[PDB]
Structures are given as C-alpha cells and as structure tokens.
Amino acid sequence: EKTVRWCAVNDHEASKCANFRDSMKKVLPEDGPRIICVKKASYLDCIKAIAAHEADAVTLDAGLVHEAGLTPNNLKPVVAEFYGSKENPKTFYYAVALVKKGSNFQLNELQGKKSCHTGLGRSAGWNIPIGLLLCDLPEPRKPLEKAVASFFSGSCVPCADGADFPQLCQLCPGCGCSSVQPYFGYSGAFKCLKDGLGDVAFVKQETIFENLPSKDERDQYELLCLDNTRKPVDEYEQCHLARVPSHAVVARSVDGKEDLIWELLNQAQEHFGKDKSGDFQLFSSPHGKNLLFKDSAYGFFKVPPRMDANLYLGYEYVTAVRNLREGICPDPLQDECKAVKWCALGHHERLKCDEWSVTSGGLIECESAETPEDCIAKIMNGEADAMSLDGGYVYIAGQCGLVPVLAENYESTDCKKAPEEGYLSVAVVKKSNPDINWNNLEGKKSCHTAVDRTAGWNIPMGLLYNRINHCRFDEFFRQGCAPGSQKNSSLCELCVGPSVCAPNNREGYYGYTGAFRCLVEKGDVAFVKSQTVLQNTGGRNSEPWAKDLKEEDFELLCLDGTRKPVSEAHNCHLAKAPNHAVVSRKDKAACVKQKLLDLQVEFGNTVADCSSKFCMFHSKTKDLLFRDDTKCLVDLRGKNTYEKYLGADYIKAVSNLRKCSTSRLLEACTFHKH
C-alpha cells in the first residue's frame, strides 16, 4: 500500500531499521505507511538509490544535504531533526574542535597535528574546520584533499579516497563510509581522539556528552576556541567554531512521498521519541549511536514545501560550502562591486532591465523570475542582488533576511531628502454606483493590486479583518481580482491578463493601474494608492479603457462611512503606506546603494527627454522595476532595517494579518528556530 523505502547505511543501520519497521507495524493501522529497509554501503549510494527510485528517504548532515540537492540528484529536505528539548527546540547545532586537556596547542597550531573527522563533506567534521584553515593551506589548494593531507600529519576522514590521498586514512585505513568502521561519524571521530590516534576531533558539542556520562571523565577534554584559547567542554556556547543547520531527511523533488515520510516520522516520534521508553527507541540503539537519526535529536519538524536545499541551508552556510569546493579565497581582497544584478518580473520588466543593462555598460545585470517571491528567493541565495518592492513585500523580504537599501521618494525631486512618511492608501468606487460604502463591502466585487501589497491588500484586508475576525476574504467579497491568489477562489474570478491571476504584469489587472482598470470594467471597489485616479484619468493614460475617463466619475470610501471626491484623499484615506524600497542582502547593500545613487545621476528625474535617453523611473508600460511616479531613490538615514524602515505601525498591522498569510516564502523564512 503506502510504503516508505528507508535507506540504511550498512549493517548496524540495517538492524535498527528492522526494529523500526516491526515496531511501527504494531502501532500503525494496516494502511499506516509501512517501512521497507534498503541497505546501501554509504550515504552517497543512498542518495543515488533515492534518485533512481530504489528508496525514498535518508537522514543526512546539512553538508551532505547540499550535496544531495545538486544535479542530477536534486533531492530536497522534507523533515528536519531538532535539538535541545521539546519545549525549546533548535534547528542548528555547534561545530566544535575537541581536544585532550593538557595537550596545550591552540587553533592556530593544527599544522602538523593528527586529525579525526566525522566524514568528508559534513558540517562539523569537514566543512567548518577545513573552511577556516583553507586560506592558509599549502598554495595548491586543488584538489582540497591533497592540501588537507599535507597540512595534517595523518587523519581519519571517513568517505575520502584513500587511493589518491592515503594520509587522510592513516588513522583509519580504508576511510570506510559507515558505522561499521569504528572511527566513522560523530562517535568514530570521538573514539579516534579518545584512543589517542589523533590530537583533535571535529565533532558537535553533544558528542562528548553522549559518549561520557560523568563530568569527571569529561574533565579530561577541552575545546579549542577561535581566539586561540582553550575552554572546558561545557562552555561550547562561548567556544565553538560555527553554528550549522540540522540534519535532515531528504527525498526526491517530485514523487518523493514527503507526506508518507512525514506521517511515519510524526507517528514514530509520538510513540518512540525521547520521552517514551521501550524496547525500541528512535533516538537510540544498542547497535550504535546516531543510527538513522542522531541520538541528540529530540524530534522532527515538517519542512515547508517552498524550502529547497539552498533555502534550507541558508546563504552563509551555502556560500561557505560553495567557496570551499570552489577554492575561492577571500584573502586581503577588494571590489566585488563590479556590476549589480537586478531581479525582474515577467517579460516587460526584463526588457526594461536589458535596456538598462546595455546603456550602463554592464553596471546593471538582469536576472528574471515570474513572481515577486521567486525574485526575493533569487536574491536570498545570491542568484540576484537587488529589486525594488512595495512595503508589503519588503516585510516578507525582511523576514527572509534582506535589508532595505534605498527608498523611492514620490513628493520631491531633491534626492537628498529623507524618505517620506509614505503614500496614501485609498478605496475607490464609481460615482455611478450609489449604494456602496465602507460599511457595505460584504458581498461586493473587489479589485486589488495583488495579494500581499500594501494598498491592495495589507491595509484594506487588515482593517476588514479586525471587523470580520476570520480569514476567508474570498467569502466576504462575492468575487474579485487579487492577483497572487489561488487560481480557483472567488478572488481570481475577475482577472484577465493572459496569465490569469498571476502576481505580475501578465495579468492585466495587476498593480495600481491594473486594479483601477479592474474597477473601471468589472469591480465595485479598487484598493490602490491615492494618486492612481489622477494618473489614469484626463487623458494622462492613453489606453482605450482610460482615455476618456474623468476624475469626477469616481469617489473614495472614508472610514466613517461617507464618500468624497478623489481630490480629498488627504481627509479620506484608509492609512499611510511606507514607500516602496530597494532591497538586497547585507553582504551587498553598500555596493548596491552606491551604484544606484550614481546611476540616478544620469538616468533619474534629470533626463529631460525619456524617448531619447534612458530613464529609470519611466516605463514603457506601467511601473516596471520602479514606480513611474518615482522621483528619487533616497538614502534611508539609519533606517537600514525593515522593522526600522517600515515602522512600528505598519509592522503591527501586517502582523495582525499573519494568521491569514498564504505566502509560501514567508513560512519558509520562518521555519528555522535559532
């Protein structure tokens, strides 16, 4: 029926797997997924067996999760171990350098020493330590193994090639890749030190605790710290090499059976987890330590579906592993600010970007994606560097670790001005329609810039939420067009653009303008910025649908139930909305700034004609890359943080709506517990 083929790495893992199977069989229903144990010689073979459908699941160290996610294997993390305790869970652990008390040497005296590692490519045992020594390893750092093999005078590096790099197997002939050889893994590394083969062991902070129950034995060991002092093994908080992410169970990217896997594992932990006691324990075993799952784990968390490997790992870890395999050293270097790569939605923004590229002489580079969230993801993982975003998306970007760099200012051409307090957010209706008002929306037809945008969603939806106290907005309005919503909800029923309901330009009713047109053609209410009516009436917008429209044909909804002319936003708006802002990663914020400020000098408001020369803030269509009413990109004057830039009030408002999010990227960015 439903089977999970679990991949066990060699014999001891095979025996634990069998006990696991049989035990589960007792507690699950005759359908409940059943385990099948497939035995392979190494984690690598397991990765391959899963790609090829021979198996479905294997728990791996984060460094190997990175390996498993590459082509052509393409696997992804779907369940994660957590540590610490049930009530205060952590999805990271510490890499430490473990030594014997009294051997005296510090972190900077490893050259020549003998080393014990958990395995090639693993976080604590290889990635972190080797990554700190890299730059000062023997100049020909390729291949890495040969260099590491000359720096230490003998090692145990499970999984490495002993044929070509025999020194890496001096302390463990064969470099066997499984718990069948005694010096493998967290346990083996520890043993390699304890038996005196090696002088140092690269493990995690629990290792010594899980192998030596009494403080008095543990008193024989110390940790090496980054400042070249030693500290007792209890003080790992102040004397670790790095924090690294959790070990995770990986599965195929498509047809991986993640649901089964999660079902099994969730039940497994309900029955055989750390609290329970029994003949079978999931985090323990008489056949060894860290079999199938780490003994130090306290349970699992379902990994958010949007999260792939890079995202699961995060940017610093991934870059660290990247560098290492890429022999890139950041020795006393200078100037990564060659060109800024911009992320563009859909076709049009791409075209505009290309144009901006050519003309800059490649100072601006273009990457593209089909959604705002995908663009933010690209930037998170350095596939791109920068994009401009509405406040609502700036929130998501911030929860995902990006920072605001420069704000779009709409009120003045003096680019040295501080960022404005924000634009006005209004609700607009047709004068034709006599009955609609603020207190009347239930039932009507609505138009929104996009889900998650400030004027189109966050402001109006949150203010309505505080009224209806539930989240089925698609049941409050009868019908709508709120791009980025579920293809088959009511809220997509008014959309039109080729790509129906997409959160981009391929949806006609997308954006400030799109939502206005939506109002003109099918809706009863549009949620947009205050300047929208003016920008699209009076022949200022020459499209057929708007050329003859008149400002006088529309009104605004005031919170108090009344209606007013559009010229009255100031006294008849929903709220203020922080200006759109440019985002990047901390690493590249400065670069990004400077190149934007400079490019603005030749391509900003100043350009007298935009059909002759290139204009950043001018768009062939509407609002490509920047808002067309953008005047200046102004420095943030200390509001270099998304909480700081958006401001309390806005944060407080978006938070109140947290429970209705449907953002896959936001759940992803909020999974890790640090």
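In this text, residue numbers run from 1 along the sequence as written.
Student: If you average the Cα B factors in the entry, which is higher, 226 to 234 or 256 to 264?
Tutor: The stretch with the larger mean CA B-factor is 256 to 264.
Student: Please work out which of 499 to 507 and 575 to 583 has the higher mean CA B-factor as recorded in the PDB entry.
Tutor: The recorded data point to 499 to 507.
Student: Reading the B-factor column of the entry, which of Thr630, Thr59, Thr606, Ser42 has the highest value at its C-alpha atom?
Tutor: Going by the entry's C-alpha B-factors, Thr606 comes out highest.
Student: Among the choices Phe152, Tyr423, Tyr512, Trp356, identify the one whose CA B-factor in the record is greatest.
Tutor: Out of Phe152, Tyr423, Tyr512, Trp356, the record gives the largest C-alpha B-factor to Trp356.
Student: Among the chain's modelled residues, which third holds the C-alpha B-factor of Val9?
Tutor: Ranked within chain, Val9 CA B lands in the lowest tercile.
Student: Taking the C-alpha B-factors as the PDB entry records them, is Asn440 in the lowest, middle or highest third of its chain?
Tutor: For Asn440, the deposited C-alpha B-factor lands in the highest third.
Student: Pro173's Cα B-factor: lowest, middle or highest third of the chain?
Tutor: Lowest third of the chain for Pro173's C-alpha B-factor.
Student: Could you place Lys100 in the lowest, middle or highest third of its chain by Cα temperature factor, using the values in the record?
Tutor: Answer is lowest: the recorded C-alpha B-factor places it there.
Student: Report the third (lowest, middle or highest) to which the CA temperature factor of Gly32 belongs, ranking only the modelled residues of the same chain.
Tutor: Highest third of the chain for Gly32's C-alpha B-factor.
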